[PDB]
Amino acid sequence: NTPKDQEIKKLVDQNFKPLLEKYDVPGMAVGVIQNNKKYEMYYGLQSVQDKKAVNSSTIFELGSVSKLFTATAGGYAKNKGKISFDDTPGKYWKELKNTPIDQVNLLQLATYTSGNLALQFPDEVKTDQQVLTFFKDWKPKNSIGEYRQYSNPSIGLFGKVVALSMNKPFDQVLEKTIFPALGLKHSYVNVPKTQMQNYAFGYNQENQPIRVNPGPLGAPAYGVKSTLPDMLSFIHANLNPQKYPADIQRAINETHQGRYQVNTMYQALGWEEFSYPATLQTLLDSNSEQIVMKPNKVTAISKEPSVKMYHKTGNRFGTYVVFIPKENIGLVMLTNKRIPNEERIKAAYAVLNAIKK
């Protein structure tokens with residue numbers, strides 16, 4: 001292969017490969033896209049029990065990186081006039097009309113500022129019916145819009161609303177509208193029978209294979225599955241939205257707009273945004289316990305940074321994606337085992353700082 005193929009292989013071998021042994025991770029796929037050329041590295045096993053090696057067809061669970069697709073769907077719906085971000089959920093989910101949650105707008109749900117939604121639903125909320133009841137019974141706490149608390153229920157409700165506004169279930173929004181618009185071929189909410197042989201098992205902390213369908217409203221928060229080639233295409237779309245038809249181009253661009261600031265992090269739709277270059281500490285701070293687990297006061301912005309970069313981490317979901325528009329480069333890491341977020345961020349930082357222009 002080319003000098004570039006070899007260079008990138010060396011950097012990934014040096015920075016990502018050692019994580020497999022360190023965290024006993026069965027399988028990993030790492031991809032780089034630079035100047036619209038894709039570079040794919042595969043390690044280890046898609047399935048331990050089957051001795052099936054990870055390859056370009058291997059479908060991984062994206063975990064929280066799923067939220068980037070929910071964000072894109074929301075951007076799509078907004079730019080087709082199907083929703084306004086100033087709307088409230090009861091406009092679409094009619095059973096929520098004239099309940100307190102109908103005082104929170106869609107942008108606030110998408111960006112985690114309702115003021116009273118935690119990382120997960122309560123343990124007892126297990127079914128679709130129960131999720132609706134939960135939202136009807138909800139009451140505010142922190143001033144709406146003022147505090148960010150990273151939240152699966154919050155973006156789940158956003159996703160449900162987006163689906164309602166497009167008159168189809170969320171899985172169909174992604175599988176029939178958004179994935180095809182992005183040119184993705186093996187990305188799914190529900191992996192079909194024909195692709196099960198390619199679907200990596202996830203592995204818990206005891207090295208046992210786990211496979212569940214998402215909980216109620218779970219799909220918009222953590223329910224997407226994809227391959228490394230598809231994820232590199234998704235990064236390409238984020239790096240070059242102008243090359244795509246207007247409806248999806250406008251959707252992608254919508255996800256890049258910072259909506260508020262928490263210290264050095266700007267919250268966009270799905271994506272976290274930073275002034276570029278971001279220090280390693282800035283990137284690490286974005287995924288600290290303080291930021292991920294606790295409420296933090298937001299500050300309004302009048303402007304985004306002049307030069308930007310974006311990332312998202314995907315807890316058995318070892319996923320990470322990052323891109324830098326100015327350098328026309330991005331990186332994707334997929335694994336089927338938990339790896340601390342800080343290790344993902346550090347490895348990607350080393351690679352992106354070292355790759356030749």
# chains A, B, ... in the order shown; residues from 1 in each chain; ligands from 1

call {"tool": "residues_around", "arguments": {"residues": "residue 55 in chain A", "least_positions_apart": "4", "cutoff": "8 Å", "atoms": "only C-alpha atoms", "output": "PyMOL selection string"}}
result
chain A and resi 29+42+46

call {"tool": "write_last_selection", "arguments": {"atoms": "C-alpha atoms", "output": "PDB file, in the first residue's frame"}}
result
ATOM      1  CA  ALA A  29     -12.294  -1.287  14.183  1.00  0.00           C
ATOM      2  CA  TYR A  42      -9.438  -4.176  12.035  1.00  0.00           C
ATOM      3  CA  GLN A  46     -16.462  -9.870  16.305  1.00  0.00           C
TER       4      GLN A  46
END

call {"tool": "residues_around", "arguments": {"residues": "range 294-311 of chain A", "least_positions_apart": "5", "cutoff": "9 Å", "atoms": "only C-alpha atoms", "output": "PyMOL selection string"}}
result
chain A and resi 113+115+118+145-150+256-263+266+268+271-278+283+289+320-326

call {"tool": "write_last_selection", "arguments": {"atoms": "N, CA and C atoms", "output": "CSV table (one decimal), in the first residue's frame"}}
result
chain,number,residue,atom,x,y,z
A,113,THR,N,-31.4,20.2,28.6
A,113,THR,CA,-31.6,21.3,29.5
A,113,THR,C,-33.0,21.4,30.1
A,115,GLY,N,-34.0,20.5,32.9
A,115,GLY,CA,-33.9,20.8,34.3
A,115,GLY,C,-34.3,19.7,35.3
A,118,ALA,N,-32.6,12.8,34.3
A,118,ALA,CA,-31.3,12.2,34.6
A,118,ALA,C,-30.8,11.4,33.4
A,145,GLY,N,-34.1,25.2,30.7
A,145,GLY,CA,-33.1,25.8,29.8
A,145,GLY,C,-31.8,26.2,30.4
A,146,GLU,N,-31.7,26.2,31.7
A,146,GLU,CA,-30.5,26.8,32.4
A,146,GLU,C,-29.4,25.8,32.8
A,147,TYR,N,-29.8,24.5,33.0
A,147,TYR,CA,-28.8,23.5,33.4
A,147,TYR,C,-28.8,22.3,32.5
A,148,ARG,N,-27.6,21.9,32.0
A,148,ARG,CA,-27.3,20.7,31.2
A,148,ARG,C,-27.1,19.5,32.1
A,149,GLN,N,-28.0,18.5,31.9
A,149,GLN,CA,-27.7,17.2,32.5
A,149,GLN,C,-27.8,16.1,31.4
A,150,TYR,N,-26.7,15.5,31.0
A,150,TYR,CA,-26.7,14.5,30.0
A,150,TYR,C,-27.8,13.4,30.3
A,256,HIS,N,-24.2,21.0,13.6
A,256,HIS,CA,-22.9,21.6,13.9
A,256,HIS,C,-23.0,22.9,14.6
A,257,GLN,N,-24.2,23.4,14.8
A,257,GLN,CA,-24.3,24.7,15.4
A,257,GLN,C,-24.4,24.6,16.9
A,258,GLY,N,-23.4,25.2,17.6
A,258,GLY,CA,-23.3,25.3,19.0
A,258,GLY,C,-24.5,26.0,19.6
A,259,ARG,N,-25.1,25.5,20.6
A,259,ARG,CA,-26.4,26.1,21.2
A,259,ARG,C,-26.2,26.8,22.5
A,260,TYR,N,-25.1,26.5,23.2
A,260,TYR,CA,-24.7,27.1,24.5
A,260,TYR,C,-23.3,26.6,24.8
A,261,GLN,N,-22.8,27.1,25.9
A,261,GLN,CA,-21.4,26.7,26.3
A,261,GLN,C,-21.4,26.2,27.8
A,262,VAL,N,-20.6,25.2,28.1
A,262,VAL,CA,-20.3,24.8,29.4
A,262,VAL,C,-18.8,24.8,29.5
A,263,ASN,N,-18.2,25.8,30.2
A,263,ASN,CA,-16.8,26.0,30.2
A,263,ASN,C,-16.3,25.9,28.7
A,266,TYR,N,-18.9,23.4,23.8
A,266,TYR,CA,-20.1,24.0,23.2
A,266,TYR,C,-21.0,22.8,22.9
A,268,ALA,N,-23.6,21.2,20.7
A,268,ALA,CA,-24.3,21.3,19.5
A,268,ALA,C,-25.4,20.2,19.5
A,271,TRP,N,-23.5,16.3,18.7
A,271,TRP,CA,-22.1,16.6,18.7
A,271,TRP,C,-21.7,17.6,19.9
A,272,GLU,N,-20.5,17.3,20.5
A,272,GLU,CA,-19.9,18.3,21.3
A,272,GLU,C,-18.9,19.1,20.5
A,273,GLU,N,-18.8,20.4,20.7
A,273,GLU,CA,-18.0,21.3,19.8
A,273,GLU,C,-17.0,22.0,20.6
A,274,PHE,N,-15.8,22.2,20.0
A,274,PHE,CA,-14.7,22.9,20.7
A,274,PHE,C,-14.0,23.9,19.7
A,275,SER,N,-13.5,24.9,20.3
A,275,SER,CA,-12.5,25.7,19.5
A,275,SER,C,-11.3,24.8,19.1
A,276,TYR,N,-10.9,24.9,17.9
A,276,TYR,CA,-9.7,24.1,17.4
A,276,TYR,C,-8.5,25.0,17.2
A,277,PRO,N,-7.3,24.6,17.7
A,277,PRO,CA,-7.1,23.3,18.4
A,277,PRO,C,-7.6,23.3,19.8
A,278,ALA,N,-8.2,22.1,20.2
A,278,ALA,CA,-8.6,21.9,21.6
A,278,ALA,C,-7.4,21.3,22.3
A,283,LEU,N,-10.6,18.3,25.9
A,283,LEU,CA,-11.3,17.2,25.4
A,283,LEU,C,-11.6,16.2,26.5
A,289,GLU,N,-16.6,13.2,35.0
A,289,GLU,CA,-17.8,12.8,35.8
A,289,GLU,C,-18.7,14.1,36.0
A,320,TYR,N,-16.0,6.0,19.7
A,320,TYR,CA,-15.6,7.4,19.7
A,320,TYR,C,-15.5,7.9,18.3
A,321,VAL,N,-16.0,9.1,18.0
A,321,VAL,CA,-15.9,9.7,16.7
A,321,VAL,C,-15.5,11.2,16.9
A,322,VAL,N,-14.6,11.6,16.0
A,322,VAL,CA,-14.1,13.0,16.1
A,322,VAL,C,-13.8,13.5,14.6
A,323,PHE,N,-14.0,14.8,14.4
A,323,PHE,CA,-13.6,15.3,13.1
A,323,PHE,C,-13.2,16.8,13.2
A,324,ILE,N,-12.3,17.2,12.3
A,324,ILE,CA,-11.7,18.5,12.3
A,324,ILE,C,-11.9,19.1,10.9
A,325,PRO,N,-12.9,19.9,10.7
A,325,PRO,CA,-13.2,20.5,9.3
A,325,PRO,C,-12.0,21.1,8.6
A,326,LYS,N,-11.2,21.9,9.3
A,326,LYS,CA,-10.1,22.7,8.7
A,326,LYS,C,-9.1,21.7,8.1

call {"tool": "select_by_dssp", "arguments": {"residues": "range 168-320 of chain A", "states": "strand (DSSP E or B)", "output": "NGL selection string"}}
result
:A and (188 or 199 or 202-203 or 209-210 or 225-226 or 260-262 or 265-267 or 272-275 or 296-297 or 299 or 308-313 or 319-320)

call {"tool": "closest_residue", "arguments": {"among": "A:19, A:232, A:210, A:117", "to": "residue 342 in chain A", "atoms": "only C-alpha atoms"}}
result
A:19

call {"tool": "closest_residue", "arguments": {"among": "A:178, A:293, A:166, A:284", "to": "residue 348 in chain A", "atoms": "only C-alpha atoms"}}
result
A:284

call {"tool": "residues_around", "arguments": {"residues": "residue 3 in chain A", "least_positions_apart": "6", "cutoff": "12 Å", "atoms": "only C-alpha atoms", "output": "PyMOL selection string"}}
result
chain A and resi 9-10+39+355-356

call {"tool": "residues_around", "arguments": {"residues": "residue 173 in chain A", "least_positions_apart": "5", "cutoff": "9 Å", "atoms": "only C-alpha atoms", "output": "PyMOL selection string"}}
result
chain A and resi 73+162-163+166-168+178-179

call {"tool": "select_by_dssp", "arguments": {"residues": "range 284-345 of chain A", "states": "alpha helix (DSSP H)", "output": "list in words"}}
result
residues 284, 285, 286, 289, 290, 291, 292, 293, 341, 342, 343, 344 and 345 of chain A

call {"tool": "write_last_selection", "arguments": {"atoms": "C-alpha atoms", "output": "compact mmCIF listing (two decimals), in the first residue's frame"}}
result
# COMPACT_ATOMS: atom_id res chain seq x y z
CA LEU A 284 -10.82 15.08 28.54
CA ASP A 285 -12.81 17.57 30.62
CA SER A 286 -15.79 17.24 28.26
CA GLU A 289 -17.81 12.84 35.80
CA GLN A 290 -18.76 16.44 36.54
CA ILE A 291 -19.89 17.09 32.97
CA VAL A 292 -21.37 13.65 32.15
CA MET A 293 -23.13 12.85 35.43
CA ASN A 341 -13.57 7.40 27.58
CA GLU A 342 -10.29 9.07 28.51
CA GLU A 343 -8.33 6.32 26.72
CA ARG A 344 -10.41 6.77 23.57
CA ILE A 345 -9.88 10.53 23.59

call {"tool": "atom_distance", "arguments": {"atom1": "CA of residue 175 in chain A", "atom2": "CA of residue 224 in chain A"}}
result
10.1 Å

call {"tool": "residues_around", "arguments": {"residues": "residue 140 in chain A", "least_positions_apart": "6", "cutoff": "9 Å", "atoms": "only C-alpha atoms", "output": "list in words"}}
result
residues 100, 101, 103, 114, 115, 116 and 117 of chain A

call {"tool": "write_last_selection", "arguments": {"atoms": "C-alpha atoms", "output": "CSV table (one decimal), in the first residue's frame"}}
result
chain,number,residue,atom,x,y,z
A,100,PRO,CA,-45.6,20.3,32.7
A,101,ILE,CA,-43.2,18.7,30.2
A,103,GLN,CA,-43.3,23.7,28.8
A,114,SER,CA,-35.1,20.4,30.8
A,115,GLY,CA,-33.9,20.8,34.3
A,116,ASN,CA,-35.2,17.5,35.6
A,117,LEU,CA,-34.1,14.5,33.5

call {"tool": "residues_around", "arguments": {"residues": "range 48-51 of chain A", "least_positions_apart": "3", "cutoff": "10 Å", "atoms": "only C-alpha atoms", "output": "number ranges by chain"}}
result
A: 26-27, 44-45, 54, 197, 200-201, 203, 207-209

call {"tool": "write_last_selection", "arguments": {"atoms": "N, CA, C and O atoms", "output": "compact mmCIF listing (two decimals), in the first residue's frame"}}
result
# COMPACT_ATOMS: atom_id res chain seq x y z
N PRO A 26 -12.34 -7.83 22.99
CA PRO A 26 -12.26 -8.84 21.93
C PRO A 26 -12.01 -8.26 20.53
O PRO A 26 -11.15 -8.79 19.81
N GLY A 27 -12.72 -7.20 20.15
CA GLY A 27 -12.65 -6.71 18.78
C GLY A 27 -12.68 -5.20 18.66
O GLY A 27 -13.30 -4.52 19.49
N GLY A 44 -8.86 -8.31 16.05
CA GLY A 44 -9.56 -9.16 16.99
C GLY A 44 -10.86 -9.76 16.49
O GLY A 44 -11.06 -9.95 15.28
N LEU A 45 -11.74 -10.07 17.44
CA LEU A 45 -12.92 -10.89 17.19
C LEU A 45 -14.24 -10.13 17.31
O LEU A 45 -14.49 -9.42 18.29
N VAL A 54 -13.16 -9.58 13.35
CA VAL A 54 -13.70 -8.29 12.93
C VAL A 54 -13.23 -8.02 11.51
O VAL A 54 -12.07 -8.25 11.17
N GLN A 197 -25.07 -12.61 10.98
CA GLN A 197 -23.74 -13.21 10.94
C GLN A 197 -22.63 -12.16 10.97
O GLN A 197 -21.47 -12.48 11.20
N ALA A 200 -21.64 -8.00 15.62
CA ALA A 200 -20.77 -8.26 16.75
C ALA A 200 -21.56 -8.38 18.04
O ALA A 200 -22.49 -7.62 18.27
N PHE A 201 -21.20 -9.35 18.87
CA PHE A 201 -21.72 -9.37 20.23
C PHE A 201 -21.04 -8.28 21.03
O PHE A 201 -19.86 -8.01 20.84
N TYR A 203 -19.73 -7.20 24.83
CA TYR A 203 -19.21 -7.98 25.95
C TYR A 203 -19.19 -7.19 27.25
O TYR A 203 -18.63 -6.09 27.30
N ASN A 207 -16.77 -10.54 30.55
CA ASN A 207 -16.48 -11.14 29.24
C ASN A 207 -17.58 -12.03 28.68
O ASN A 207 -17.32 -12.95 27.90
N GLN A 208 -18.82 -11.76 29.08
CA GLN A 208 -19.93 -12.53 28.55
C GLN A 208 -20.69 -11.73 27.49
O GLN A 208 -20.84 -10.51 27.61
N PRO A 209 -21.13 -12.42 26.43
CA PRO A 209 -21.78 -11.76 25.29
C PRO A 209 -23.19 -11.30 25.66
O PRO A 209 -23.96 -12.07 26.23

call {"tool": "closest_residue", "arguments": {"among": "A:242, A:287, A:66, A:15", "to": "residue 264 in chain A", "atoms": "only C-alpha atoms"}}
result
A:287

call {"tool": "atom_distance", "arguments": {"atom1": "CA of residue 110 in chain A", "atom2": "CA of residue 265 in chain A"}}
result
16.0 Å
